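Structure file run24.cif with mmCIF, C-alpha atoms and all ligand atoms:
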data_query
#
loop_
_atom_site.label_atom_id
_atom_site.label_comp_id
_atom_site.auth_asym_id
_atom_site.auth_seq_id
_atom_site.Cartn_x
_atom_site.Cartn_y
_atom_site.Cartn_z
CA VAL A 586 60.32 218.28 39.15
CA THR A 587 57.76 220.79 37.87
CA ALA A 588 57.53 224.31 39.32
CA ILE A 589 54.71 225.31 41.65
CA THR A 590 52.32 227.70 39.89
CA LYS A 591 50.90 230.89 41.40
CA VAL A 592 47.40 229.55 41.39
CA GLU A 593 48.55 226.65 43.50
CA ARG A 594 50.01 228.97 46.15
CA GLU A 595 46.94 231.24 46.10
CA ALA A 596 44.68 228.31 47.01
CA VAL A 597 46.76 227.76 50.21
CA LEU A 598 47.06 231.50 51.02
CA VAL A 599 43.23 231.81 50.72
CA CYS A 600 42.79 229.59 53.80
CA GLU A 601 42.22 231.71 56.89
CA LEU A 602 41.84 228.90 59.38
CA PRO A 603 39.56 230.80 61.75
CA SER A 604 39.18 229.29 65.30
CA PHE A 605 42.23 227.03 65.01
CA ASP A 606 45.31 227.61 67.16
CA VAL A 607 47.97 225.69 65.22
CA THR A 608 50.46 226.13 68.09
CA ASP A 609 48.20 224.36 70.71
CA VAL A 610 48.74 220.77 71.91
CA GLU A 611 45.01 220.17 71.65
CA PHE A 612 44.84 221.34 68.07
CA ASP A 613 42.65 218.99 66.00
CA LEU A 614 43.80 218.33 62.40
CA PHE A 615 40.78 216.05 61.79
CA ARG A 616 38.38 218.92 62.55
CA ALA A 617 40.58 221.16 60.40
CA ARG A 618 40.21 218.62 57.57
CA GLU A 619 36.41 218.58 58.04
CA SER A 620 36.22 222.33 58.13
CA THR A 621 36.63 222.64 54.44
CA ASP A 622 35.92 221.57 50.88
CA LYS A 623 39.63 221.48 50.35
CA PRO A 624 41.45 219.62 53.06
CA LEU A 625 44.79 219.47 51.20
CA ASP A 626 44.88 223.30 51.05
CA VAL A 627 44.09 223.67 54.73
CA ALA A 628 46.77 221.15 55.59
CA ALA A 629 49.33 223.10 53.58
CA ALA A 630 48.18 226.38 55.19
CA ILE A 631 48.71 224.88 58.68
CA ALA A 632 52.25 223.85 57.73
CA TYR A 633 52.85 227.30 56.19
CA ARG A 634 51.46 229.14 59.23
CA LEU A 635 53.56 227.03 61.64
CA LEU A 636 56.75 227.65 59.72
CA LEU A 637 56.22 231.43 59.34
CA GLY A 638 55.14 231.86 62.96
CA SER A 639 58.30 230.29 64.28
CA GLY A 640 60.32 233.23 62.94
CA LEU A 641 62.76 230.67 61.50
CA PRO A 642 62.47 230.74 57.63
CA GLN A 643 62.90 234.52 57.65
CA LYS A 644 66.12 234.18 59.75
CA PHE A 645 67.76 231.73 57.31
CA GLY A 646 66.96 233.64 54.17
CA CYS A 647 64.04 231.49 53.12
CA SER A 648 61.41 233.64 51.54
CA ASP A 649 57.65 233.32 51.93
CA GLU A 650 57.33 232.14 48.35
CA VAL A 651 60.11 229.53 48.48
CA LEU A 652 58.74 228.16 51.78
CA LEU A 653 55.30 227.66 50.25
CA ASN A 654 56.77 226.16 47.05
CA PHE A 655 58.59 223.60 49.21
CA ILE A 656 55.40 222.77 51.12
CA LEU A 657 53.47 222.20 47.90
CA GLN A 658 56.34 220.16 46.45
CA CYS A 659 56.13 217.84 49.47
CA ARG A 660 52.35 217.64 49.06
CA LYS A 661 52.58 216.46 45.41
CA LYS A 662 54.68 213.49 46.53
CA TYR A 663 52.29 212.11 49.18
CA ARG A 664 49.78 209.49 48.09
CA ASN A 665 46.14 208.83 48.86
CA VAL A 666 46.64 206.07 51.47
CA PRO A 667 44.77 205.87 54.82
CA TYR A 668 47.57 206.90 57.26
CA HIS A 669 50.90 207.83 55.59
CA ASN A 670 49.46 210.70 53.51
CA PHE A 671 50.13 214.47 53.71
CA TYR A 672 47.97 214.80 56.88
CA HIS A 673 50.43 212.53 58.77
CA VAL A 674 53.45 214.69 57.95
CA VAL A 675 51.59 217.97 58.66
CA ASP A 676 50.57 216.36 61.98
CA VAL A 677 54.23 215.42 62.73
CA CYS A 678 55.25 219.04 61.87
CA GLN A 679 52.59 220.57 64.12
CA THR A 680 53.39 218.12 66.94
CA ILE A 681 57.15 218.77 66.78
CA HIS A 682 56.30 222.52 66.95
CA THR A 683 54.47 221.85 70.23
CA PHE A 684 57.40 219.76 71.61
CA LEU A 685 59.89 222.51 70.68
CA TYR A 686 57.84 225.47 71.98
CA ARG A 687 55.21 224.26 74.40
CA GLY A 688 57.66 221.61 75.64
CA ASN A 689 60.71 223.98 75.68
CA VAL A 690 62.89 221.51 73.65
CA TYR A 691 63.97 224.55 71.55
CA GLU A 692 66.26 225.27 74.51
CA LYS A 693 68.46 222.28 73.63
CA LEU A 694 68.88 223.09 69.97
CA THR A 695 70.01 225.89 67.71
CA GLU A 696 67.43 227.78 65.67
CA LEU A 697 68.87 226.17 62.49
CA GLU A 698 68.25 222.79 64.07
CA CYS A 699 64.70 223.87 65.07
CA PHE A 700 64.16 225.06 61.47
CA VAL A 701 65.53 221.78 60.15
CA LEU A 702 63.22 219.68 62.40
CA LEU A 703 60.10 221.52 61.23
CA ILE A 704 61.06 221.00 57.55
CA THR A 705 62.24 217.41 58.03
CA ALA A 706 58.76 216.59 59.44
CA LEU A 707 57.32 217.40 55.98
CA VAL A 708 59.80 215.29 53.98
CA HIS A 709 60.05 212.31 56.31
CA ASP A 710 57.53 209.97 54.57
CA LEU A 711 57.69 211.27 50.99
CA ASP A 712 56.10 208.81 48.52
CA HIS A 713 54.98 206.18 51.07
CA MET A 714 52.78 203.64 49.33
CA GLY A 715 51.00 202.29 52.50
CA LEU A 716 53.44 199.36 52.86
CA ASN A 717 56.17 198.99 55.47
CA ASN A 718 59.85 198.02 54.96
CA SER A 719 59.27 194.37 55.75
CA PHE A 720 56.69 194.02 52.91
CA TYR A 721 59.32 195.02 50.29
CA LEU A 722 61.88 192.61 51.70
CA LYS A 723 59.41 189.67 52.14
CA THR A 724 58.07 190.01 48.57
CA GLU A 725 61.54 190.38 46.93
CA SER A 726 60.37 193.69 45.44
CA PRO A 727 62.71 195.55 43.13
CA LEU A 728 62.91 198.25 45.77
CA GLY A 729 63.64 195.68 48.40
CA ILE A 730 66.29 193.94 46.23
CA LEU A 731 68.19 197.23 45.71
CA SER A 732 68.23 197.84 49.48
CA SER A 733 69.63 194.34 50.25
CA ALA A 734 72.11 194.61 47.35
CA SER A 735 73.37 198.02 48.45
CA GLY A 736 73.42 197.15 52.15
CA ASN A 737 70.80 199.38 53.72
CA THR A 738 67.59 197.74 54.86
CA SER A 739 65.81 200.98 55.63
CA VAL A 740 63.98 200.64 52.31
CA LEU A 741 61.57 203.56 52.51
CA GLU A 742 63.66 205.90 54.74
CA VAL A 743 66.41 206.02 52.09
CA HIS A 744 63.68 206.50 49.44
CA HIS A 745 62.23 209.46 51.35
CA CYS A 746 65.69 211.08 51.68
CA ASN A 747 66.19 210.73 47.90
CA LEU A 748 62.96 212.62 47.09
CA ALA A 749 63.74 215.23 49.76
CA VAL A 750 67.13 215.89 48.10
CA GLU A 751 65.28 216.26 44.70
CA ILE A 752 62.85 218.97 45.94
CA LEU A 753 65.73 220.85 47.58
CA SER A 754 67.94 220.76 44.37
CA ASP A 755 65.80 223.45 42.72
CA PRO A 756 66.36 226.97 44.29
CA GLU A 757 62.63 227.77 43.95
CA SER A 758 61.81 225.01 46.52
CA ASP A 759 65.08 224.90 48.53
CA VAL A 760 64.24 226.28 51.98
CA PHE A 761 68.00 225.97 52.71
CA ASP A 762 69.15 228.10 49.75
CA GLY A 763 70.06 230.88 52.18
CA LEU A 764 72.70 228.65 53.74
CA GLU A 765 76.20 227.81 52.64
CA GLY A 766 79.32 226.04 53.86
CA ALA A 767 79.17 224.07 57.14
CA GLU A 768 75.61 225.26 57.91
CA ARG A 769 74.04 224.01 54.66
CA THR A 770 75.98 220.78 55.14
CA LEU A 771 74.56 220.44 58.67
CA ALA A 772 71.01 221.12 57.43
CA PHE A 773 71.16 218.32 54.83
CA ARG A 774 73.04 215.84 57.11
CA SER A 775 70.81 216.32 60.17
CA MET A 776 67.69 216.15 57.95
CA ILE A 777 68.89 212.90 56.43
CA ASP A 778 70.02 211.42 59.78
CA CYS A 779 66.63 212.25 61.34
CA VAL A 780 64.71 210.51 58.55
CA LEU A 781 66.96 207.44 58.70
CA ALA A 782 66.31 207.37 62.48
CA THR A 783 62.52 206.89 61.92
CA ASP A 784 63.05 203.23 60.86
CA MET A 785 61.27 201.48 63.77
CA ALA A 786 63.73 198.53 63.52
CA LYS A 787 66.35 200.98 64.85
CA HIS A 788 63.97 202.33 67.56
CA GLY A 789 65.71 200.70 70.57
CA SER A 790 69.30 201.59 69.59
CA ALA A 791 68.32 205.21 68.86
CA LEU A 792 66.70 205.46 72.27
CA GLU A 793 69.68 203.90 74.15
CA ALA A 794 72.11 206.18 72.36
CA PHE A 795 70.09 209.30 73.17
CA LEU A 796 69.66 208.27 76.77
CA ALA A 797 73.38 207.47 77.15
CA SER A 798 74.39 210.86 75.74
CA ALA A 799 71.83 212.71 77.88
CA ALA A 800 73.20 211.10 81.05
CA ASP A 801 76.81 212.11 80.17
CA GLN A 802 77.75 215.74 80.96
CA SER A 803 80.91 215.17 78.81
CA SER A 804 78.95 214.01 75.75
CA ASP A 805 80.05 215.49 72.45
CA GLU A 806 77.78 218.59 71.87
CA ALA A 807 77.29 218.01 68.14
CA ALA A 808 76.36 214.34 68.77
CA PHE A 809 73.84 215.24 71.51
CA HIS A 810 72.27 217.91 69.39
CA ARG A 811 71.94 215.46 66.55
CA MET A 812 70.48 212.70 68.77
CA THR A 813 68.01 215.18 70.23
CA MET A 814 66.86 216.01 66.68
CA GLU A 815 66.48 212.33 65.79
CA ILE A 816 64.55 211.73 69.04
CA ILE A 817 62.15 214.63 68.47
CA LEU A 818 61.31 213.40 64.95
CA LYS A 819 60.86 209.87 66.33
CA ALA A 820 58.63 211.32 69.07
CA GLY A 821 56.44 213.09 66.49
CA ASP A 822 56.23 209.90 64.48
CA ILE A 823 54.78 207.96 67.46
CA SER A 824 52.91 210.90 69.04
CA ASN A 825 49.38 209.76 68.18
CA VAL A 826 48.86 208.24 71.57
CA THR A 827 49.79 211.55 73.24
CA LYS A 828 46.83 213.54 71.81
CA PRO A 829 43.35 213.89 73.25
CA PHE A 830 41.34 210.62 72.98
CA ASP A 831 39.17 211.10 69.80
CA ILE A 832 42.12 212.53 67.86
CA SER A 833 44.26 209.58 69.02
CA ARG A 834 41.50 207.09 68.16
CA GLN A 835 41.06 208.54 64.67
CA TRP A 836 44.77 208.05 63.93
CA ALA A 837 44.47 204.47 65.18
CA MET A 838 41.60 203.78 62.80
CA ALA A 839 43.61 205.23 59.94
CA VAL A 840 46.70 203.11 60.63
CA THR A 841 44.56 200.01 61.24
CA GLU A 842 42.97 200.31 57.76
CA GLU A 843 46.39 200.95 56.22
CA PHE A 844 47.90 197.87 57.87
CA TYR A 845 44.91 195.81 56.72
CA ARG A 846 45.39 196.79 53.10
CA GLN A 847 49.02 195.62 53.45
CA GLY A 848 47.90 192.27 54.85
CA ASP A 849 45.35 191.82 52.06
CA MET A 850 48.20 192.35 49.58
CA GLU A 851 50.47 189.94 51.46
CA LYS A 852 47.71 187.28 51.41
CA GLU A 853 47.40 187.58 47.67
CA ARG A 854 51.16 187.27 47.20
CA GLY A 855 51.57 184.27 49.57
CA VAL A 856 53.89 185.88 52.15
CA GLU A 857 53.73 185.96 55.97
CA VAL A 858 50.78 188.08 57.25
CA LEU A 859 51.24 189.26 60.88
CA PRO A 860 48.26 189.44 63.35
CA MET A 861 48.18 193.27 63.41
CA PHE A 862 47.78 193.35 59.58
CA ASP A 863 45.05 190.59 59.30
CA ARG A 864 41.36 191.55 58.76
CA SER A 865 40.25 188.09 59.91
CA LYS A 866 41.58 188.59 63.41
CA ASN A 867 39.50 191.78 63.73
CA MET A 868 41.72 192.72 66.68
CA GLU A 869 40.18 195.21 69.04
CA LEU A 870 41.31 198.77 68.63
CA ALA A 871 41.70 199.06 72.43
CA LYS A 872 44.02 196.07 72.82
CA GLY A 873 46.20 197.13 69.86
CA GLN A 874 46.58 200.66 71.28
CA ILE A 875 47.25 199.47 74.82
CA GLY A 876 49.91 197.06 73.55
CA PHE A 877 51.47 199.92 71.62
CA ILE A 878 51.27 202.18 74.67
CA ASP A 879 52.84 199.54 76.96
CA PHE A 880 55.47 198.21 74.61
CA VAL A 881 56.49 201.27 72.62
CA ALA A 882 55.17 204.75 73.53
CA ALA A 883 54.88 204.98 77.33
CA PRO A 884 58.38 203.70 77.90
CA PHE A 885 59.74 206.00 75.19
CA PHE A 886 58.15 209.22 76.33
CA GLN A 887 58.80 208.46 79.99
CA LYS A 888 62.48 207.76 79.48
CA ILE A 889 63.16 210.81 77.29
CA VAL A 890 61.23 213.11 79.66
CA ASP A 891 63.07 211.87 82.77
CA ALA A 892 66.49 211.90 81.05
CA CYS A 893 66.34 215.39 79.71
CA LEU A 894 63.06 216.72 78.22
CA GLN A 895 61.09 217.65 81.39
CA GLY A 896 58.83 220.15 79.61
CA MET A 897 57.32 217.26 77.60
CA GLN A 898 55.75 215.67 80.76
CA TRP A 899 52.22 216.32 79.34
CA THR A 900 52.85 213.55 76.76
CA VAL A 901 53.37 211.00 79.56
CA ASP A 902 50.30 212.30 81.40
CA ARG A 903 48.10 211.97 78.25
CA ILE A 904 49.36 208.48 77.34
CA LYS A 905 48.32 207.50 80.87
CA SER A 906 44.83 208.94 80.49
CA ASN A 907 44.34 207.44 77.00
CA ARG A 908 45.45 204.01 78.30
CA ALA A 909 42.88 204.34 81.12
CA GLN A 910 40.25 205.33 78.55
CA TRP A 911 40.95 202.24 76.39
CA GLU A 912 40.79 200.14 79.61
CA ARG A 913 37.27 201.65 80.11
CA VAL A 914 36.29 200.49 76.62
CA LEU A 915 37.27 196.96 77.56
CA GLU A 916 35.67 197.17 81.02
CA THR A 917 32.27 198.19 79.62
CA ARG A 918 32.24 195.90 76.52
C1 LIG B 1 47.93 205.15 65.89
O1 LIG B 1 48.60 203.93 66.19
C2 LIG B 1 49.80 203.66 65.59
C3 LIG B 1 50.53 204.56 64.83
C4 LIG B 1 51.73 204.17 64.27
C5 LIG B 1 52.23 202.89 64.45
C6 LIG B 1 53.54 202.44 63.89
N1 LIG B 1 53.96 201.28 64.23
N2 LIG B 1 55.13 200.85 63.73
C7 LIG B 1 55.69 199.64 64.38
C8 LIG B 1 54.72 198.49 64.27
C9 LIG B 1 55.32 197.24 64.87
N3 LIG B 1 55.64 197.49 66.28
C10 LIG B 1 55.02 196.78 67.25
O2 LIG B 1 54.25 195.86 66.98
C11 LIG B 1 55.24 197.17 68.71
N4 LIG B 1 54.31 196.46 69.58
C12 LIG B 1 54.67 195.36 70.35
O3 LIG B 1 55.78 194.85 70.35
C13 LIG B 1 53.47 194.92 71.13
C14 LIG B 1 52.31 195.65 70.48
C15 LIG B 1 52.96 196.75 69.68
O4 LIG B 1 52.40 197.72 69.16
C16 LIG B 1 56.62 198.57 66.45
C17 LIG B 1 56.11 199.86 65.83
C18 LIG B 1 55.76 201.42 62.64
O5 LIG B 1 56.85 201.00 62.26
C19 LIG B 1 55.06 202.55 61.94
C20 LIG B 1 55.96 203.43 61.07
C21 LIG B 1 56.73 204.44 61.86
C22 LIG B 1 56.45 204.77 63.11
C23 LIG B 1 55.33 204.17 63.88
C24 LIG B 1 54.35 203.37 63.02
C25 LIG B 1 51.51 201.98 65.23
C26 LIG B 1 50.30 202.35 65.80
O6 LIG B 1 49.51 201.53 66.56
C27 LIG B 1 49.73 200.12 66.53
MG MG B 2 58.24 206.46 57.99
ZN ZN B 3 55.93 208.96 59.82
#

Just dump the structure as structure tokens.
Amino acid sequence: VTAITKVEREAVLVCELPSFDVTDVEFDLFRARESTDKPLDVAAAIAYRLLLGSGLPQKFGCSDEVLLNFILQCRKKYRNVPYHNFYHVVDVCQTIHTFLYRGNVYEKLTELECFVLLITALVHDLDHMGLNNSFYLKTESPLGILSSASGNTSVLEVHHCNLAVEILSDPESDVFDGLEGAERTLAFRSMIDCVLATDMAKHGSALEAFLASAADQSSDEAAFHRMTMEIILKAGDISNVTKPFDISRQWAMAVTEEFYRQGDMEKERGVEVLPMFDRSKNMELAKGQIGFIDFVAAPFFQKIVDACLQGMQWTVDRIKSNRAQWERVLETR
């Protein structure tokens, strides 16, 4: 890995981000991206501002320079795909910030764990190529073969953890360098756990485990803290439908184009192409989003809020209003 230059940091530090409140739940990363000639710099500056404002890097001996090196080292490893690019992970970081601080989830965690969540958001999709786990397995890809051979089917999640560990192995980009002993161990293990938990094939079991812990006043503390962390990263990962409508719709366009490119590649290779990934179905954006709301996101946010995370009620409220808005698109078509 090649060291971040000073000129690279200066480009990020130059961004003043006037008019944006990065801590707000109605913050608009799309508008932030439009605001400038250099969206990648603005994106990094948002991540930088969020991390510094939390008070957290300073507390764990992570300097301003090392924090920004880390951010830029993550940015180098994201690709130019429609959805799983650096804007997605900056969005997950910003959203998790809002769940911790606007939603009061910080109350259930330590500050180390809060620090870890904010950083894990930035590593959690490192080097995503716009193709899901199933594509690698269906096509018998080298990457997919290695996963089957070694017994872990979370193809990309394990990949992301491996690049995260690389960035953190140089002191100049290790935001956990100020830690040692059991704490540094916890930072790496909880980071890795969280990323492994974002495999959507494990979505149901992760939810059931969190919910079961949350209902049990004699749950192991460490286990509950860990499951909370995993759940908050998962929440950020599927939080598109909890933003105001046009923000939420822009994410949906981005993921739709990304899925389509996968399906075009699957067609070429002669493997199974699902409906959601097929250009020829031209499936309505409103039906896709409502199906995702009804089958994935509304039950998830509702269950985790009722169980435990009451301050996150606004996410349930907004899913409801976005669902009603998509129903209006149908009604008037
Ligand atoms: C902005 O909009 C989306 C953003 C992310 C995803 C992701 N989706 N997924 C799975 C796809 C397969 N799944 C489903 O098809 C679920 N489902 C039904 O069963 C009925 C209709 C429906 O949607 C489970 C989630 C991913 O794995 C992506 C990677 C990680 C997290 C969420 C991403 C989906 C979105 O809108 C469809
Ligand atoms: Mg992922
Ligand atoms: Zn993600």

Exercise. Let me have all residues with an atom within 12 Å of ligand MG 2 (chain B), counting all atoms listed in the file, laid out as a VMD selection string.
Key: chain A and resid 668 to 670 673 to 674 677 705 to 718 739 to 746 779 to 788 818 to 819 821 to 823

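Of the residues under consideration (A:824, A:887, A:689, A:737), A:824 shows the shortest atom-to-atom contact distance to ligand ZN 3 (chain B) when counting all atoms listed in the file.
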
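The two atoms in question, atom CA of residue 865 of chain A and atom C16 of ligand LIG 1 (chain B), are spaced 20.5 Å apart.
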
Exercise. Considering all atoms listed in the file, return as an MDAnalysis selection string whatever protein or nucleic-acid residues lie within 6 Å of segment 651-660 of chain A, sequence-local ones (same chain, fewer than 5 positions apart) excluded.
Key: chainID A and resid 589 757:758 760

Quiz item: What residues have an atom no more than 12 Å from (57.6, 221.3, 68.8) in the file's own frame, counting all atoms listed in the file, and can you write them as number ranges by chain?
Solution: A: 607-610, 635-636, 639, 676-694, 698-704, 706, 814, 816-818, 820-821, 824, 894, 896-897

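With atom CA of residue 811 of chain A on one side and atom CA of residue 775 of chain A on the other, the separation reads 6.5 Å.
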
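Taking atom CA of residue 916 of chain A as the reference point, atom CA of residue 875 of chain A is found at 13.3 Å.
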
Exercise. Identify, on the basis of all atoms listed in the file, every residue whose closest approach to segment 762-773 of chain A does not exceed 7 Å; exclude the query and any residue fewer than 4 positions from it along the same chain; express the result as JSON, numbers by chain.
Key: {"A": [645, 646, 647, 701, 756, 777]}

Quiz prompt | Expected answer as a PyMOL selection string: residues within 7 Å of ligand LIG 1 (chain B), only C-alpha atoms and all ligand atoms | solution = chain A and resi 783-785+822-823+825-826+833+836-837+840+873-874+876-877+880-881
